[PDB]
Amino acid sequence: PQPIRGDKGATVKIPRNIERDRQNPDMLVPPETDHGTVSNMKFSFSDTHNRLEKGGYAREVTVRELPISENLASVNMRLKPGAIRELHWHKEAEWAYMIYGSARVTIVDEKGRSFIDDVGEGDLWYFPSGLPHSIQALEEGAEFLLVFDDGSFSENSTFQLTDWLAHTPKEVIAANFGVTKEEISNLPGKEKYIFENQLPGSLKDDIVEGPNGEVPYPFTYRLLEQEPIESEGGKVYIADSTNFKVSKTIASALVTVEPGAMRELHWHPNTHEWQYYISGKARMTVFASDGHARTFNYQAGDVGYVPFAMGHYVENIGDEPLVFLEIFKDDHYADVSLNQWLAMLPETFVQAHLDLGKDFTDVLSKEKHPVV
Amino acid sequence: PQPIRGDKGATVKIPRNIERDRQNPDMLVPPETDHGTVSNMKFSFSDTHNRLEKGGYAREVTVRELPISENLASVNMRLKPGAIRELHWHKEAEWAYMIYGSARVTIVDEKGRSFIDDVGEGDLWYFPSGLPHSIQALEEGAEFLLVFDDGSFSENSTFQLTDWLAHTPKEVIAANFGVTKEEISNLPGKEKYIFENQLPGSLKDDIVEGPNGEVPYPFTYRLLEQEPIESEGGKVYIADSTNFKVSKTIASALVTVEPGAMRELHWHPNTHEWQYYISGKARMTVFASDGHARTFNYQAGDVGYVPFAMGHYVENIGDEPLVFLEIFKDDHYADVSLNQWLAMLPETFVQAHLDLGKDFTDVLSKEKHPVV
Amino acid sequence: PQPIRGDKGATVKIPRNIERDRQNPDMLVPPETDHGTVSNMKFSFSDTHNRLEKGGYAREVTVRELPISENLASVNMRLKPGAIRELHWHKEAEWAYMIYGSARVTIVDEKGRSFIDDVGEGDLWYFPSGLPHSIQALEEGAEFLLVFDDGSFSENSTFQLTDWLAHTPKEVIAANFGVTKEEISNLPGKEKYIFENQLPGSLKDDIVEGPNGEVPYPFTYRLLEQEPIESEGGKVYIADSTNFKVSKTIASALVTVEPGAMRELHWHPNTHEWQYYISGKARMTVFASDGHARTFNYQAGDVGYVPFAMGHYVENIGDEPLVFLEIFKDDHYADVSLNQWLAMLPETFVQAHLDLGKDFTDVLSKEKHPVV
Amino acid sequence: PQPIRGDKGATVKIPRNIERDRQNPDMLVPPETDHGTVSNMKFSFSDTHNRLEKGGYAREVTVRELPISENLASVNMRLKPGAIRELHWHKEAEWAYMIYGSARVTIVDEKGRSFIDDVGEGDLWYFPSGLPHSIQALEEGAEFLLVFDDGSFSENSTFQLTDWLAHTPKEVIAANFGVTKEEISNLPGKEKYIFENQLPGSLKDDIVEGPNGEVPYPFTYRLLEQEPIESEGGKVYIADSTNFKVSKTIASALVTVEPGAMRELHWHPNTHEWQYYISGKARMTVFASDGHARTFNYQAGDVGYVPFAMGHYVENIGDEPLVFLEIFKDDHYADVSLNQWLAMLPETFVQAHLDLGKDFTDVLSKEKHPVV
Amino acid sequence: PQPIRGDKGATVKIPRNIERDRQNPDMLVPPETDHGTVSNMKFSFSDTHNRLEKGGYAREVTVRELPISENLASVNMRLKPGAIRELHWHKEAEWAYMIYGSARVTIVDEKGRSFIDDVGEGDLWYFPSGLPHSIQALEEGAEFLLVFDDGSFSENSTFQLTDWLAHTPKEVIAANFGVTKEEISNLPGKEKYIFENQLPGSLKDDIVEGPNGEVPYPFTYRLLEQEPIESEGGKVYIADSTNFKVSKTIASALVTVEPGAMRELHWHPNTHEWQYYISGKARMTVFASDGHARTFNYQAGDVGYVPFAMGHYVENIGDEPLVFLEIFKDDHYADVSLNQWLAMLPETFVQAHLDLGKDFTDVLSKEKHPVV
Ligand SMILES: [Mg+2]
Ligand SMILES: [Mg+2]
Ligand SMILES: [Mg+2]
Ligand SMILES: [Mg+2]
Ligand SMILES: [Mg+2]
Ligand SMILES: [Mn+2]
Ligand SMILES: [Mn+2]
Ligand SMILES: [Mn+2]
Ligand SMILES: [Mn+2]
Ligand SMILES: [Mn+2]
Ligand SMILES: [Mn+2]
Ligand SMILES: [Mn+2]
Ligand SMILES: [Mn+2]
Ligand SMILES: [Mn+2]
Ligand SMILES: [Mn+2]
């Protein structure tokens, strides 16, 4: 491929990265309508350092990789069968989508109430800021996407159980539990983070009863069980604080776009959009106002972003279904459809704006169809 | 006039701006009680670039003009009869006061519900952040004041319908609506922003029905219809989220001060005050604590400001009524009256503070009178 | 006047400031070539609080008034005959231009060397940061413009001799000078700042001799004595560290533009330009790149500004000479003339850019003429 | 490939980007010695929007793409034979390396002196901040790397000749040059930026003589002409203000590493290092102190970065020569070699640190060999 | 002691820290002349965490302890006989004063030149930013004060030789030196930082010769050898870039104040002052302008600070000599003496300011006496 469009552009004369150019057709040769300076809105997990441990791995995309995303960061984590992501907590709230396999999670709230449940493919979980939790993969192992509500998420964000104890005077730990220093001499000298372990037993046998009672709302959500908004070119499954009650700082939508379809032109009136492409290939043009617009290409891995209120669409440019997540740091999901907007205004008023006739306004729909 | 007060000051010996000096009597010759460094709290729309278009004009006062106002910015917009302010949206919430004429506004929410209504002199509107809207002047044309809840409001804040389409691939727009590229070949090549148009028909004929239903709360408010707080020297009309339900981020008050009257000494316990002087002439001293105070003069145009909790008053120093707006970025209006405050404390306690006797405390009023 | 240009704009329908509109013709009705958001680049001293004292006055324009000017601030100071601006020092370096009258200044450096000299109309002075100084007007009194190299210049910037002593334990002052507390009981209880005083004697009688020797370089400069760059429409007097040796952080130019003349199109490749209009009326368009440009009007007082590298010109739009100062926070003055630039390139190359012929390139001049 | 190292890691179970994983072997499977949070230090030009114009193209990597690089930004520009990069200037200083072809550049300084010269493969140029310049490709066309000394470099950074004129009142331009508005009616309505043009004639015929004289120092530099530091595994060509006199804010080094060789372990005691990989494949581990280190892979395009003082090396992991540029925002190039450092200390002292014997210290070299 | 001064103040009624109150007499009962908000200018090393290692200890006072000191940080380091502070480097320049004992230091510059020397009590050293160095105590051990030119100095500031190697792939280290992985298998697994070691031999036997030659300027300085400025109440030894050539970013002064004496009233016209009290007890009032002043007490340890240009003095309030260091981040030491300043001005002019007569001006001295 060459960066040539009509009589514009020229062949590349210096050493280049042909593989990446092939993955970014609309960047090497952008639409003629693209214009102006626009921040980078794309980053691949494959371009990140992968932390390998006995039991799995973890790689992250943060504000240090994608500057525009100051409010959200993400981790792609993998766990082998039975492997455990060590009991820990962090300042940020955590949202997750199980892409592959299944896992058991635990969480205890500030009132001493515990919640333990199994999460399968298509399920989610949300852990409020500061509440301690753990993850243990089941027999198929597990691979999932985690999203934290602070783009600066890093190493100083997570507190591990064994790391805390390893940095607390032995005499203090002993006094705290009413045991002798000798009784805790075998405590780990360093954190585990992720470690291999035998598969757990049935969920029912793990449930712990307590004098504090059951938690008010579940920390897991079966996203694929509910009826999705079904459009002609695909479907959308939404989970925000209105249905997944505990998910107060993260609103999400799983979008599936069939080949030849596209997430329609729209924008969000509430906040920024963070994206993760699960599968397929796409292109999206972000309209930043004042004659500024830039097109980006995305595929599998890839993290995407759409700053607050910017116009956009997500077109499937491949032969397989396009599947991606739309994440928002807010208590609700909300969007304004260009089509629906115009459909709900006087026909002659819209015609006056677009310099088009009734033949165009007649195609407008008062019903919102997310994917066309 | 000369900057002389008693035995202080001297005549100006260098070339000067006599017209402005005459407009700022209390600045050329401040009260003896003024003291210390205080930020500028005054700026005139006449000192701003006026964007002229076919159909009207627009000029703005932002943080780039008045640094102290970081949370609120304003636009003075004028539309000729029938002229349209192009369908658009922005990140900021928008509040408006119709000073002259009338106009029809449209807005569609995130649920596809439309609201269309006519706004006359004395009426307001509030458009939540991100919701698309438009304005079209009626037969008398229109001139109004807009206030946005971000002082950095600028060009990158507003998204125009035609600008978005002009920067979106034709093939994508075609696919989005299910039409051919040929069918949309006449779309504008550049945004319109403000454009001339024939006067619209009756409001009832513009109302659009939809499967989404009517909006929960109106986006317009008839401020002058309600009973105002009537004092001896004037009146105050308040509109905040308690009565104008949708106006969640903007609280406002239209204040009228008769000649020889003044908005009493008070302060706001909730947030900063942004002001716009509709008509008349005034002076206000802002008390910034720790022996700091500065007096400013204001007239017609002029934007004013009072940082959070600073003491102030607004005195009419002209022969005509003084009319101005007090704007706050909050869900409610609130003020503490110096008079009422002291009136509600033990008489001897107040006397102990002021070194004054019963003759003074006897004049205190337990009832709040905004304008005296 | 009305904000109308051809078929654009409309009459003002709301209460307005006609006097200011008349002063800003090119703002009420900007050139058709103006476009885009540009920060405010104009502010009048008449719009500032004037601090009146026994002996004179002082008013300032800082970053709190003109946000764009973060690196430079200014004070318009007036002193009656014999009046003294109290011995003091500040963190910022200070540059001054004597507009009216004359004054005697004193300064002692870090090596204990003193410099005392008289400054008349057209003369300058520069006091390095932290070096203590004073100003005392002579028989005609004095009014001058001071420029400090920090836009945040304020009250916490200046240290007064008597204020320091008033806030130092009496026993410490006594010990410091080897006197008794009784001997210094008459020290002022508060600072003086500016105070009336008898006219001083001849300069020669004030000169103080010392064991430290004479200062290496003078702190005053007779700007009008040197030969100015004389152009067809005016003249320019430049004073920077290359000729006024001590003026290391301030470069300046006094520009005079005859009626019908203009400071040519140019830009500065080194830093921002701060302006003060001494007399006359002008207009200037600042070109901010990427299709952004805004025109401003200026007269007498007025402070102006041109951010680093932005294109500009200053046209006299009055019947009297236009006189203004161009100030830069740098050790040298430098500008690039549009005319000279093009004149120094191959004729056909320039023609290829402008789509103009030899008739245009023939008028280009290889010699720089600041005012045409 | 799979993210597995010994008994750590696991196979990827979700959809992935195999092509990128293959390009980042040391990221999918990092060295066991990597540890801790480290910012991203790699970004590919292929992952950027390419601006196509009639005559060539331009793509950039800025702080908006690579956050860690706050002080330097880069543009990969391509010009067809005879094509011109429009006369312009910017706030940032500009440094360039001609990778392919040749071009003629022009520049006029603040004293009206012009410099015109041809630049071939391996040559450089440096244009001080604010000085106007242009580039015109010769018969082979040209493709080069530009580096600007501000990571925020963007659209508001560059001022185009025709854009300035298009936004200046016609009457002002006419008055500025002493011509009629009619004489300049054909001036472009919009900027050109990059435009096709006939090849220029011989350099000698373009040289323009002037009354200001010749520039003091050349703005171009023949890097490959000088003798490079020749090591066993490659060579280094350095150009900083000590040899390329005008290049005051950019120090550079062209490094060639033969297969099986590596840029030795070292660090820079002066400032951050910005890198551009011209050809080949490499890996580099950046040591960030306090047990933090991360390895990155690089190839052709790719921009790299090494924050100030961090330890690093650049190993050729391919079969072809590795060629890259090391850029520093400083007036000189400087590095400290780990080998040379230890070689210049008492042998027993070094042994005491490393717990190694004379067999190791005997291999240390007092001579610096950049590439081994 | 009780916070009572005349009829002001009262006894403390709640649990208190009597020991600290006794150490801060002028804080529990400030001078009547103190007034206004002033930042904290005092912090004790005894109030910091002490890092203990085999061979010594190290504690620091940074911007995290003393916020006002943003440009300078300090470490109090102790080394046992023969103990070594591991070979390392950092981004900050380092200055040191040997309080007790002696030590041998090494440093190699960017040109491969080594400098090795012994430092005794009263001696200094300065290591430019990024240059690698080490410290090894001699037979008496050593304790010294280090000052770094960045208040944010922390763990991410220092790079250790063994830490770098421990985080570099073994195969890369092997290739870098031309040895086998087996030959370096004994390299430390973790950094040493500070470690015990046998005392070194004579300095002459450690000197390493090289093909690069001797360093241009010494990195150590014998402060107590030069003649100090001798005043009536004490002496001052100054070391800045004018005499200790390499010390470009740190200017210093060792001040000794006899009982009953005081560092006179003065200020610094160049930059902030950072202080370390070696021995004795003192009090200092810092005058911050605009009627703001606060008094602080200091003793042994204690770090002090005086923001740029603020007036101050340092009075010995004990029976033993007061010894402290005055540090400045600049290439020279400079101060303005209140006494000398007034002594160098016309007598009647000074009298006009202070409302004092000839009896006072007669005591002024044209010679600067730092300690009176
Ligand atoms: Mg466009
Ligand atoms: Mg007062
Ligand atoms: Mg334009
Ligand atoms: Mg480690
Ligand atoms: Mg006081
Ligand atoms: Mn977690
Ligand atoms: Mn979206
Ligand atoms: Mn709007
Ligand atoms: Mn109020
Ligand atoms: Mn001064
Ligand atoms: Mn200029
Ligand atoms: Mn350029
Ligand atoms: Mn390097
Ligand atoms: Mn060190
Ligand atoms: Mn001092």
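All chains are named by letter (A, B, ...) in the order of the sequence lines, taking the proteins before the strands, and each is independently numbered beginning at 1. In each ligand, atom 1 is the first atom listed, and ligand 1 is the first ligand listed. Values below: every heavy atom of this structure, side chains too, minus hydrogens, waters and symmetry copies.
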Inset, instruction - Please say whether more than 12 non-hydrogen atoms of neighbouring residues, nucleotides or ligands are located less than 6.0 Å from CD in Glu258(D). - result: yes
Inset, instruction - May I ask you to check whether over 12 heavy atoms, not counting those of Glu230(D), lie within 6.0 Å of atom CD? - result: no
Legend entry - Under-2.8 Å neighbours of the Mn ion (ligand 11), protein N/O/S atoms only: 4
So, does [X] use its side chain to make a donor-acceptor pair with the main chain of [Y] at under 3.5 Å?
| X | Y | answer |
| --- | --- | --- |
| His312(C) | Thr285(C) | no |
| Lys329(C) | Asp149(C) | yes |
| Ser74(C) | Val61(C) | no |
| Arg263(C) | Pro370(C) | yes |

Legend entry - Electrostatic pair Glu32(E):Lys170(C) at N-O distance under 4.0 angstrom: no
Legend entry - Among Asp26(E), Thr33(E), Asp34(E), the one residue meeting side chain to side chain donor-acceptor pair (under 3.5 Å) with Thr295(E): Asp34(E)
Inset, instruction - Say whether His268(D) and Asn270(D), considering side chains only, have a donor N or O and an acceptor N or O under 3.5 Å apart. - result: no
Legend entry - Within-2.8 Å protein N/O/S contacts of the Mg ion (ligand 5): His167(C) NE2
